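Novice: Here's my sequence, what's the structure:
(9 chains, ligands or ions: 10)
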Amino acid sequence: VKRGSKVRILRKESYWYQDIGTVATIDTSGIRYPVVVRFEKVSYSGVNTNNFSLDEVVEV
Amino acid sequence: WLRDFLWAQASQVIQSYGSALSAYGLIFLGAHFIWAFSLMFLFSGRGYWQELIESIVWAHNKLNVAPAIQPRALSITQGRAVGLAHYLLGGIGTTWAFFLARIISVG
Amino acid sequence: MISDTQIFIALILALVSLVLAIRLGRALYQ
Amino acid sequence: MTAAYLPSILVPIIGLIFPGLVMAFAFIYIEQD
Amino acid sequence: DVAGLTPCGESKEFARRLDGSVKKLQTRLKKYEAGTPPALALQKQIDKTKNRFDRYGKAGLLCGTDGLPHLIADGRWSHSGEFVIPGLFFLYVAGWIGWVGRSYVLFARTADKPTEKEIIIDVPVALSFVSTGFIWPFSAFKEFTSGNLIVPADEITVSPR
Amino acid sequence: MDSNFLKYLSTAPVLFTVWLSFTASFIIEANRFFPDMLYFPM
Amino acid sequence: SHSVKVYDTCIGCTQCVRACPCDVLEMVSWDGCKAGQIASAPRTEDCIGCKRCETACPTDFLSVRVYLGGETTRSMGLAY
Amino acid sequence: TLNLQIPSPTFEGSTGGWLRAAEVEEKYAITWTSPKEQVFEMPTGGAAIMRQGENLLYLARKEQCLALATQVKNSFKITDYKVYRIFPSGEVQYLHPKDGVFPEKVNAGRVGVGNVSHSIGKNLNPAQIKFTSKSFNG
Amino acid sequence: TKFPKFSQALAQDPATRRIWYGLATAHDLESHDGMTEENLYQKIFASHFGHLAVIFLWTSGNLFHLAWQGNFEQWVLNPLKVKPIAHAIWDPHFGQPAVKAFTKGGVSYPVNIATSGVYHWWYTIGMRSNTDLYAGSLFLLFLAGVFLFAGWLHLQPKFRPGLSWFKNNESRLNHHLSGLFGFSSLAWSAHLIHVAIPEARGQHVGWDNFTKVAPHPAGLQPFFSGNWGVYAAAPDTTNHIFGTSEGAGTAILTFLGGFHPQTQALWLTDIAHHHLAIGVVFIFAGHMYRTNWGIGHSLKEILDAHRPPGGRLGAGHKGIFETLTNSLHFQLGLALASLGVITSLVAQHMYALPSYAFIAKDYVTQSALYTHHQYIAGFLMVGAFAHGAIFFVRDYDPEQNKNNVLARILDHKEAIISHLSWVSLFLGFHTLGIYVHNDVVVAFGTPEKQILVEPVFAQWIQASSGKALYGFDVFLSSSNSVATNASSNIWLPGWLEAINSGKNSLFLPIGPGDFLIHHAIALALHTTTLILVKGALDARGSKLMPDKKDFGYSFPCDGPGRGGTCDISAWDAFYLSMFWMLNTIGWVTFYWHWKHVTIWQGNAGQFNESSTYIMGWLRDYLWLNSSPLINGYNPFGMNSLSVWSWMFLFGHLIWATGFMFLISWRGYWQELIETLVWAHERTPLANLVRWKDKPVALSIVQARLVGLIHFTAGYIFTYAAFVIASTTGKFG
Ligand code: CLA
Ligand code: CLA
Ligand code: CLA
Ligand code: CLA
Ligand code: CLA
Ligand code: CLA
Ligand SMILES: CC1=CCCC(C)(C)[C@H]1/C=C/C(C)=C/C=C/C(C)=C/C=C/C=C(C)/C=C/C=C(C)/C=C/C1=C(C)CCCC1(C)C
Ligand SMILES: CCCCCCCCCCCCO[C@H]1O[C@H](CO)[C@@H](O[C@H]2O[C@H](CO)[C@@H](O)[C@H](O)[C@H]2O)[C@H](O)[C@H]1O
Ligand SMILES: CC1=C(C/C=C(\C)CCC[C@H](C)CCC[C@H](C)CCCC(C)C)C(=O)c2ccccc2C1=O
Ligand code: SF4
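Specialist: Numbers count the residues shown, from 1 in each chain, chains lettered A, B, ... in the order given. Ligands and ions are numbered 1, 2, ... in the order given. See below for the structure:
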């Protein structure tokens, strides 16, 4: 995956699980969840972006 | 109070069907209904309705008809306010229909 | 009909059941 | 009623003495350290 | 006839209901002068009551011992107009409403701000959609068979089990 | 006609009220000219 | 006392620490996120359980979690 | 170290102050320094005037002290406040800020308490840990 | 403080919350400090012994209080005229007119008139005097003492059973099916043949003569000979007077069908053959599982093998064996569901086919029995779903249930909940629309425009059972059908006589009001199921709270964040479904009581014309039948209904008090209690007195529960007072 790609989320506890977001930035340092994904639907707390690991993210 | 005021003087609003005062009987029943409907908002809480709305959102998502404006349960304050508004409307309407039918018939 | 002695016999049986119930309650309470 | 004295003996005991002693001893039990 | 009921055009209790309604309106009519607007209104109500009871008596409706028409809804064709045909009319209108609403939602998803399209309706586009709903069963079935109605289970959000 | 007034007229409460009043007027006029339709005549 | 846990999805935004009315949370050094810091709960005996920290948390499902447990005078917020 | 001789803000008193549990179980103290005499709202209800210089005030709860601290931080730009816990024996326990640095700022020497090394969705099921002293975090 | 000795966290609570939560978690043994599985099962076994002893003591108390203060010996002589006495009244708060007004039943002291029907049951099973009633009370006292001793003994060391004994499914199933169901039914058939039927035929049989008084003149020789039909010959004549030999038969096992023409109850010989056949069938069922001798079925093999090969159920029933055996909440949910279904079945079948002599003429007793067992049924079904939700929180292991039927329920829970929501909204929209449509059109003076749907499906079922009212002419209502010819020699004459006589509640005639009230019942059942199923399936987590299983089955909320999370736990779904359960049993009992009251009055057309709109229910059932109840006491005097007249108002009070805990919430009450704490601490001559526990407001879950308790008690007491006093005032 790369910046700007459309990805599906595989984190089970996530609000956007099996929904589609857009990758905004992939951090290169040793971060546990380096994939910033921005979503068009807001969560219950009103946020629309979250960080995920590579294995919680699949390109569509 | 239960027998000689409530039971005795409600005879006019419950026997109003088929007369000109039948609108008071209809409003009597409808106001009992709205009052009881208010207790769903007053006695319950938001999280149950949000999870039920999650299931209904799954149903609309299955047919690709989920709305862009995401449906949410009413806020806790709005749940209290809606329950109070329908409670006051139901109780005041019940007394309204009962008083008006009774006093128009006997006075 | 029922006599006084029969009621007393029933009361004695109920007292025995009370003692057994107290023992079961103490056993369940560890 | 045979043994008609038994209601007048037992009803005040069961309704006032039994709950008073139960409430007192339960109070002592639940408040003691 | 069906379920022991009798046709309303020969039930004596149906006639008793009609007679009681006409008498109840006529005793009100008695207190007004002929030519007054209350008298004309009451006579029109009497005429409407008579026409309604005549029409119900000539329609093949079945009346019970209460004296009121009882509907049969088991599927028999002799009573298909009591539930089945109103049901088909409702199902046509309701499928129309659902189809045009779904079409507008899918159009609004394509807009610049979809939520603005939800609260401020594009009226010409919405009127186009509500025009499209007359052929909703065939359109909806073709939408279904082409994979455009049902979305797969791996593309819908679900809670942790 | 002003486009902003038309956009206000296209809002959900106004269009909701107009459409439901229009539907109610259809039901009312249908029941005025064809009253007491308990059944589909067949 | 209540139990407060911080999971490694924390991004170190310090919002939960700023939202805490009882000084339960604090920021400690970490390498798991870009901010270089993670929340911690060393003072959960003062936790009243208000869940203002969870309200402040911006990560999809929360990084800070409060599990209500045994009630004490401090956790019940009793001034008497 | 709490100086007990620090003067208090001029307050006319209220019924919202500390009860018998303050003198029997524990009490809290907050000190701060103001550049001028100015009126602030008491967390127990009422208006008090803090003096120029040092101010010592006694409360029943830690949350009342931290609410007063937040009020004087956001309305008077006072950040030097210190919150202590006092026991009936006379023991004073310094509470806030614990290491001198505010908790929203990272300070060296702090160790993480309650940190879990996985996401919240990786917790164990209750049936896995039933009749067993394992924590649900794993 | 060491009252909650099972919870260290509760015992260190400094407030009044400690006492409440120790009271409310006392029997939740799985959550106690240091609870092991073996200790849990042993405590449950002893507690079950204690509940059995409580049941036996309660039944012995009913028997004793009747044998001492009742009029059973007077009631046996004249069963249709003498009012049955439950117990005596000794209340020192009575005035003299209340003493006079409660002096009924032919005795000289104040009494309560029994509505439980224990007279009819005990008379039918052969009890005649007060002496055998007293002997039965003594025997049940002894039995309760025996079970208390057994509960104590099976907790003593070297008698505490192991977990392998408790989880022995096959042995317990075989013994409980063959012995507890089968041999108990066979022994009850023996009691009916040996004792109850001879006492019904005017012949005394007791322990002093039952070994010399043969139940049948031919003895056991036809049974050992294979000439079993001799036991069916010479049944009771239609002129038989119950409890006498006049018109009595000699048969002990018949299949007559229908009712005894005098008692209006089922034939006792039919009941004896029924319980004999049930015993034989159940003993055959109880030899099915393998325990020690190679033959028999293995439950695990049956469960694992029944996977449909088309794969629509996934892995089928694999892992269900361990999941059910390891979870007591799964077992409790299954048991409570089956019990609730069967007590509903008891309520329907006992009014429709009464078995006790002369109880069909006791209208108050029939109303009380139906209402009682239906409310018990609603409680049991709510409990089944609640403990199923508890199983999902506490005992469901997903890894042990891979692709199982349980896992696939969890995987299509959204479809299940959404389709339940759809069917509830469907039913409610159109049922309420038809009722409101009928209300408006009757109010405007045109009842002929009502939408009145004939319930032809259920009428067709009645005709299939032989009801000739509707002219459907199918199955048993057709004289040429193979179903008619098949049963014509055995039970068809008596059954056809009972179903086509309009003197009983056997398949009562139904119209459009019946149609509407069953569809309202369907609405209420589907909606209560929606709440309960949605609570059970979202108990482990939702989108709003994906880690709900970490928080347990019951917790107040998850705070105002994420939009607000009030009533999000599965316990809260139990709490919400309790109101809907009360609503559905209210609708069911309202329907039963109004239909039966109009039928008993000879005015069934009043129900047929007024039940199609809501104002008819409010006016002709609630308002009309409230008049003798609300006149139990008045400014002119009082009568025996006054207690119900009190209890009615009592119910209307406590129900309303429940509202206070369900509408007002905690923080208001906590601030009031803080002001009260200040007031007590600052008041002279009262601050010498100090509380040991700090006063706090009730917790969120506790207040929900307390409001539910006051609400439910008001519901039950209000309706019980109404139904008993209204039936008594109209008919008794
Ligand atoms: C089943 C329980 C029960 C029983 C047996 C009684 C019995 C009685 N009540 Mg009643 N009562 C009860 C529950 C009960 N009550 C409840 C729950 C309430 C609250 C609604 C009331 C409220 C109530 C009121 C308001 C009044 C009564 C009165 C009476 C008396 C009737 C009139 C009379 O002749 O008194 C004549 C009275 C006497 C001759 C005095 C008797 C004094 C007794 C024997 C002293 C006992 C001391 C004590 C119990 C020792 C044990 C302490 C230990 C438990 C810690 C009678 C003693 C009336 C009365 O007279 O009160 C005295 C009265 O005014 N009751
Ligand atoms: C575009 C319109 C639309 C469509 C096609 C659906 C489709 C569906 N809904 Mg839904 N719904 C909608 C709007 C819609 N909904 C709205 C606005 C609400 C809020 C009141 C709901 C509330 C709702 C609930 C609570 C439930 C459903 C359910 C369902 C399903 C079963 C059908 C049903 O019960 O209908 C009944 C629908 C209603 C009672 C509400 C409809 C309200 C109006 C009449 C429809 C909107 C018309 C719209 C204004 C058209 C504008 C188009 C124009 C701009 C061109 C199905 C997936 C059920 C389900 O999950 O079944 C599996 C269920 O339980 N829906
Ligand atoms: C033949 C041997 C036998 C018998 C008679 C029983 C009997 C019983 N066992 Mg059991 N048990 C057995 C062998 C046996 N067990 C074996 C071999 C094992 C080891 C594998 C166990 C292990 C075991 C455990 C672990 C437990 C029991 C329990 C029970 C009791 C269940 C509660 C009860 O009273 O239900 C009574 C039920 C009936 C009489 C019939 C069922 C009712 C249905 C719904 C039909 C009734 C309808 C009918 C119309 C009612 C008419 C009455 C009306 C007119 C008033 C019951 C006394 C439980 C208990 O309470 O322990 C103290 C318990 O926890 N058993
Ligand atoms: C749904 C109901 C059901 C089902 C499907 C089964 C199924 C089974 N049970 Mg079970 N059982 C049940 C209810 C049920 N049971 C109940 C209700 C009870 C108790 C009241 C029992 C009690 C029970 C016991 C105690 C045992 C079983 C056993 C068995 C298995 C034996 C299979 C068998 O008979 O092969 C036998 C094979 C044949 C009969 C084939 C016939 C052989 C030849 C072809 C004869 C024909 C010859 C010729 C054509 C005919 C003319 C002959 C002439 C010349 C004389 C089988 C899996 C046994 C087992 O294995 O346990 C696992 C066992 O021990 N069951
Ligand atoms: C008389 C009181 C009343 C009524 C009508 C309802 C109605 C409803 N409840 Mg409910 N509830 C109540 C009391 C009531 N509740 C109480 C006291 C509690 C205890 C807290 C609950 C607890 C509860 C739970 C826990 C659940 C429900 C559910 C439902 C819905 C499905 C059942 C149904 O019939 O769908 C049909 C709907 C109706 C009959 C509602 C009336 C619709 C009206 C008549 C349409 C007309 C609107 C009108 C034109 C608006 C004009 C207003 C304008 C002039 C200002 C429905 C909205 C369930 C649900 O959401 O299922 C999907 C659910 O999960 N309720
Ligand atoms: C899902 C909705 C629903 C539910 C839960 C029930 C439930 C019930 N009905 Mg009812 N019924 C329904 C819809 C429903 N009905 C409809 C739509 C009609 C036609 C008007 C009827 C007509 C009807 C009659 C005539 C009788 C019952 C009776 C009963 C009871 C016994 C079971 C039975 O006969 O099932 C019947 C239900 C069905 C056969 C199907 C229901 C489920 C489907 C999906 C409904 C959808 C129909 C669809 C919209 C129409 C198709 C288009 C058509 C116009 C061509 C039970 C309370 C009996 C009764 O009152 O006993 C006392 C009875 O005699 N029902
Ligand atoms: C949620 C919870 C989580 C996990 C645990 C859990 C407890 C398992 C679960 C809850 C499950 C809940 C508690 C489930 C509760 C469930 C309900 C109450 C089960 C009712 C079943 C009715 C059966 C199918 C009998 C039907 C009659 C039919 C066969 C008759 C036909 C015919 C008969 C023979 C004779 C003539 C009539 C006709 C009609 C011709
Ligand atoms: C070996 C292959 C075939 C085996 C068949 C066995 C059949 C069952 C045997 C039944 C039990 C034993 O039966 C044997 O003692 C019974 C004792 O009550 C006798 O029964 C006799 O006494 C009973 C009690 O007073 C009477 O009710 C009977 O009318 C009378 O016949 C049987 O007449 C006798 O045959
Ligand atoms: C029923 C209920 C809900 C559900 C109520 C929903 C979310 C609101 C429904 C609003 C509708 C959509 C607007 C008007 C409804 C009309 C009758 C028909 C729909 C019109 C559409 C065109 C929108 C809560 O959100 C809630 C929250 C907190 C405490 C109690 C409760 C509560 O009891
Ligand atoms: S629950 Fe409240 S007191 Fe506890 S850590 Fe979170 S914010 Fe602080």
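
Novice: Alongside ligand 10, which residues does chain G contribute?
Specialist: Residues of chain G found near ligand 10 (C-beta under 6 Å from any ligand atom) are G:4, G:19-22, G:24-25, G:47-53, G:66. Every residue, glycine included, has its C-beta placed from N, CA and C.

Novice: quick one, strands of the chain?
Specialist: You didn't pick a chain, so chain A it is. For chain A, strands defined by DSSP state E occupy the ranges A:6-9, A:20-26, A:35-38, A:49-52, A:57-59.

Novice: um, chain I though
Specialist: Assigned by DSSP E, chain I shows strands spanning I:85-88, I:111-113, I:633-634, I:637-638.

Novice: Can you list the helices and strands that the third one packs against?
Specialist: It refers to strand I:633-634. The contact analysis (3 or more C-beta pairs under 8 Å, 6 or more residues apart in numbering or on different chains; DSSP states H and E) places strand I:633-634 against helix I:642-663.

Novice: Check the offset of the helix it packs on from the chain's centre.
Specialist: Chain-centre distance of helix I:642-663: 23 Å, with C-alpha atoms, centre = their mean, to the nearest Å.

Novice: Pull the residues that contact that helix.
Specialist: B:2, B:42-43, B:83, I:98, I:101, I:629-633, I:698, I:703-704, I:706-722, I:724-725, I:728 (C-beta atoms under 8 Å, 6 or more residues apart in numbering or on different chains).

Novice: Out of those, which end up buried?
Specialist: Taking 16 or more other C-beta atoms under 10 Å in any protein chain shown as the criterion, what is buried in the contacts of helix I:642-663 is B:42-43, B:83, I:98, I:101, I:629-633, I:698, I:703-704, I:706-708, I:710-722, I:724-725, I:728.

Novice: ok, residue 32 - contacts?
Specialist: You didn't pick a chain, so chain A it is. A:53, G:8-9, G:32-33.

Novice: Can you look at chain G instead?
Specialist: Residues near residue G:32 by C-beta under 8 Å, 6+ apart: A:31-32, G:8, G:10, G:38.

Novice: Go through the contacts of helix I:642-663 and flag which are in helices.
Specialist: Counting by DSSP state H, the contacts of helix I:642-663 place B:42-43, B:83, I:98, I:101, I:629-630, I:703-704, I:706-722, I:724-725, I:728 in helices.

Novice: Helices of chain H, start to end?
Specialist: H:20-24, H:62-76.

Novice: Dump those helices into a markdown table; add mean neighbour count as well.
Specialist: As requested, those are arranged in a markdown table below (neighbours: other C-beta atoms under 10 Å in any protein chain shown):
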| stretch | mean neighbour count |
| --- | --- |
| helix H:20-24 | 14 |
| helix H:62-76 | 19 |
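
Novice: and residue I:1, which of the ones you listed is closest to it?
Specialist: Among the helices of chain H, the nearest to residue I:1 by C-beta to C-beta is helix H:20-24 (16.6 Å).

Novice: what does that closest one rub up against?
Specialist: The contact list for helix H:20-24, computed with C-beta under 8 Å, 6+ apart, reads G:73, G:78-80, H:58, H:60, H:88, I:681.

Novice: Please narrow those residues to those residing in strands.
Specialist: Using DSSP E, the contacts of helix H:20-24 in strands are residue H:58.

Novice: Drop anything exposed from the contacts of helix H:20-24.
Specialist: Buried subset of the contacts of helix H:20-24 (neighbour count, 16+ other C-beta under 10 Å): G:73, G:78-80, H:58, H:60.

Novice: possible to save those as a markdown table with distance to residue I:237?
Specialist: A markdown table is the format used below for those (distance: C-beta to C-beta, whole Å):
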| residue | distance to residue I:237 |
| --- | --- |
| G:73 | 81 |
| G:78 | 80 |
| G:79 | 84 |
| G:80 | 82 |
| H:58 | 96 |
| H:60 | 88 |
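
Novice: Name the nearest of those residues relative to ligand 1.
Specialist: Compare each of the buried ones among the contacts of helix H:20-24 with ligand 1 using C-beta to the nearest ligand atom and the shortest gap goes to residue G:80, at 30.1 Å.

Novice: I'd guessed the closest one sits against residue I:674; true?
Specialist: Yes: between residue G:80 and residue I:674 there is a contact under C-beta atoms under 8 Å: 7.1 Å.

Novice: Next one: the residue in chain H that ligand 9 sits nearest to from residue G:54, what distance?
Specialist: The nearest approach of chain H to ligand 9 comes at residue H:120, 25.7 Å away (C-beta to the nearest ligand atom). According to C-beta to C-beta, to the nearest Å, residue H:120 stands 11 Å off from residue G:54.
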